[PDB]
Amino acid sequence: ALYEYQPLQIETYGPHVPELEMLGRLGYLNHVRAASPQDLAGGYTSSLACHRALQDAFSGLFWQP
Amino acid sequence: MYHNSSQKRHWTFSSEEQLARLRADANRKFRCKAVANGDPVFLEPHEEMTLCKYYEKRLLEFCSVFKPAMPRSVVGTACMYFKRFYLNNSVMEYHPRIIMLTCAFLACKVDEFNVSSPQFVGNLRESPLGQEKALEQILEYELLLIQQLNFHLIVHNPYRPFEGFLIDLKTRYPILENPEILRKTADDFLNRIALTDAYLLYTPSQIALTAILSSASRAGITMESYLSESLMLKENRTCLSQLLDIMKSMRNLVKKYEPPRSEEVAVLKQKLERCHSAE
Amino acid sequence: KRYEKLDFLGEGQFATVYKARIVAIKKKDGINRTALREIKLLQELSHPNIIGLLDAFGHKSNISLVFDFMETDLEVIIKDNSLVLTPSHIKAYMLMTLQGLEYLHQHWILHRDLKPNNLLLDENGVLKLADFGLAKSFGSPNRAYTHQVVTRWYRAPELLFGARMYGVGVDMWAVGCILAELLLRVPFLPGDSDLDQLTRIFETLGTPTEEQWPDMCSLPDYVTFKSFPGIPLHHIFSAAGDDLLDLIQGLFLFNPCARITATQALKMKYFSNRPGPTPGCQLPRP
Ligand SMILES: CC(C)c1cnn2c(NCc3ccccc3Br)cc(N[C@@H](CO)[C@H](O)CO)nc12
């Protein structure tokens, strides 16, 4: 009767996008503009922009109407 | 996200034949209503398509010279609105000149490009009285356009997937030394893609990837390994074959697209003015 | 149209809400931008903890939205005194809110208007995020967001300092304020001005240092504040257990980057410990 977390399983119909925390370690962030100190202070990081861009690049790539 | 969007669920169609069926049905419904109200006046669906292509080009011209500078995503949303509206409506019932302006208006609103109505209508190359008249027409047609879109306002453009593919290529495809030299030509190809029915038949990611690989082929650079290795298509060869077929059919779509001709455009415009005056 | 009006529910500045025969209808610039925002966002979302948009209609620039009717809201639950808020009920409310927020953030949408009256409850005990009139898509660098969003009592400190670019931290700080309201049955930080809100935040939780918020001084409306020790959280919430304190501290971290996301909060031990969240059917009905 307790709660066990289960990740949101939504089909993207495309290649798997690397996790947000791994973008810097995998080298993606070297190809997106660095976030300004004001951006970081507000909580906005370049990882978010990179993750969104990759997710939209890979979304529905394997989908046939 | 596109993968569970209304664009994929309701506005990406199986074939060009289905789009032709929808357009022909719209034309036939208008003909039935005009005859049941009480002749060479009516336009045929191919003439409707020619007029729609011409007025999409005018919509692009309007959005290009729009001050303040229209974001490219707003222009994409407006063009998608125009295509979707004239998938199920005829240029004889609703004039494309007003519908394109209404599409741009609704796109500016939906894409959070805050522009006041007076400064929206100030971009029209017309005297002020025409600008107020056009504003009233746009306000009248805004709800009609929204209803005809089935209240599906979020449009997924290929531009952000294009940026994501460029990031992925820069990170994981060192064979492509500088992916940025692909952008310009790819952008060009994207524009041509926008003139066809591809936005109604293919996912934005597929469109962006096809544009990128067409640019690469035009540059002489071959990137089969990016699909097979980087994109994980060597484990599933069938999916890779389907992707290749999608891209080839998209290139054929761009190849067989026909821009409207000026004389045919003028004749059809005069015919459409006749239709709207008689109606 | 098909709907015939039956009762009057509420009224806001943007719109007036009435119950109609059972649904709820919310009523030179053209169609209202807030209504278009709600339509365009709710058409792309389908989650059990996000309110669904059944239909819309209107005449010319006028437009009305149709939603499924919700029986109550978290504000009425919190303000009610005949109702006892057990840790299980609180956990269930937080769980549903966080599941809806995790789905919403996964699709790169910030609610930016989270508050107890915008968390609606149906007769089946399902909590739904509503009032997406201020919701916006985040993650795009070339998208300036105003900081007027979120009602002051739930506004995150980064917003109060003028943060134009932000992420899910605003929603998570609002969620922390909602949790504090659930625990105390009163608003946590009832500021009457932006300066007063910042003062209450820095006095209850201590003025954040340059180590708790590295670029704090770079924000547009940043104002140097006197140093408060901050009340220990176990004194504020005496009945709360250590797991709940861990969750609250995560939700109320001053660095928005370090502030726990909806997924991270869902993975916290507080939700997996016993007692489990009460089923929606057994949730309190005012
Ligand atoms: C509009 C739609 C999302 C909806 C459906 N139900 N519902 C309720 N039901 C709770 C209730 C029921 C009966 C008597 C009193 C209350 Br209270 C409140 C509400 N609040 C509105 C304004 O009323 C807030 O400004 C923003 O959510 N919106 C809605």
Side-chain angles (χ1 to χ4, degrees), chain B residues 151, chain C residues 1-27 31-58 62-83 85 89 93 96-97 99-101 103-104 109-136 148-155 170-171 174-175 177-178 181-182 185 187 280-281 283-286:
Chain B
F151 299 90
Chain C
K1 273 67 173 176
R2 158 296 191 191
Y3 323 93
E4 337 292 350
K5 177 179 185 176
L6 276 198
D7 281 309
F8 179 90
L9 298 178
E11 184 151 350
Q13 53 160 351
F14 290 124
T16 170
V17 182
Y18 73 85
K19 165 173 162 178
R21 183 257 298 210
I22 286 295
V23 306
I25 287 161
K26 161 197 268 242
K27 309 262 307 313
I31 293 207
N32 179 225
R33 274 178 158 80
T34 302
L36 278 192
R37 187 169 301 113
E38 187 141 71
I39 284 172
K40 84 194 177 207
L41 288 177
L42 284 198
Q43 285 290 88
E44 301 313 279
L45 307 165
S46 158
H47 188 271
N49 296 132
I50 296 190
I51 194 81
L53 169 81
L54 311 185
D55 188 44
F57 61 86
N62 302 341
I63 186 148
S64 324
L65 314 190
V66 183
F67 309 85
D68 52 329
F69 175 71
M70 299 306 284
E71 175 168 40
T72 66
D73 74 317
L74 210 63
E75 185 98 292
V76 162
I77 297 290
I78 289 160
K79 294 176 152 357
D80 204 322
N81 293 318
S82 151
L83 304 200
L85 257 45
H89 304 331
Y93 292 140
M96 289 184 281
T97 316
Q99 287 168 328
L101 219 50
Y103 179 104
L104 191 67
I109 299 301
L110 298 183
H111 190 291
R112 311 194 303 167
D113 164 56
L114 285 174
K115 74 186 53 73
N117 61 55
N118 283 338
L119 309 187
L120 306 187
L121 274 303
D122 49 25
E123 56 304 356
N124 292 316
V126 176
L127 182 145
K128 296 176 199 295
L129 320 181
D131 204 333
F132 286 73
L134 301 163
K136 205 176 211 299
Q148 189 75 10
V149 310
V150 196
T151 290
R152 156 168 313 116
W153 294 353
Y154 312 90
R155 197 168 304 136
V170 300
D171 287 297
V175 152
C177 292
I178 285 147
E181 193 162 344
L182 278 169
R185 315 296 299 270
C281 55
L283 279 172
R285 299 276 221 88

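No hydrogens, no waters, no symmetry mates; every other heavy atom, side chains included, goes into these values. Each ligand, and each atom within it, is numbered from 1 in the order the structure gives. Protein chains get the first letters and strands the later ones, always in sequence-line order, with residue 1 at the start of each.
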Problem - Crowding at CZ, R2(C) (>12 non-hydrogen neighbours, <6.0 Å) - result: yes
Practice task
Tell me, yes or no, whether the heavy-atom count around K136(C) atom NZ, taken from other residues, nucleotides or ligands under 6.0 Å, exceeds 12.
Solution key: yes
Under 3.5 Å: N or O atoms of ligand 1 paired with protein N or O:
| unit_1 | atom_1 | unit_2 | atom_2 | d |
| --- | --- | --- | --- | --- |
| ligand 1 | 6 (N) | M70(C) | N | 3.0 |
| ligand 1 | 9 (N) | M70(C) | O | 2.7 |

Practice task
Using a strict 4.0 Å threshold on nitrogen-to-oxygen distance, state whether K115(C) and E181(C) make a salt bridge.
Solution key: no
Practice task
Please name all residues satisfying ring pair (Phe, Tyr, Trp, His ring centres under 6.0 Å) with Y103(C), sequence neighbours left out, ordered by chain then number.
Solution key: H47(C), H107(C)
Completion exercise
Residue set satisfying side chain to side chain contact (heavy atoms under 4.5 Å, CB included) with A20(C), at least two apart, ordered chain then number -> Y3(C), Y18(C), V23(C), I25(C)
Side-chain atoms of residues 121-128 of chain C: list all donor-acceptor pairs with protein atoms under 3.5 Å, sequence neighbours left out, distances to 0.1 Å.
| unit_1 | atom_1 | unit_2 | atom_2 | d |
| --- | --- | --- | --- | --- |
| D122(C) | OD1 | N124(C) | N | 3.3 |
| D122(C) | OD1 | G125(C) | N | 3.1 |
| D122(C) | OD1 | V126(C) | N | 2.6 |
| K128(C) | NZ | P48(C) | O | 2.8 |

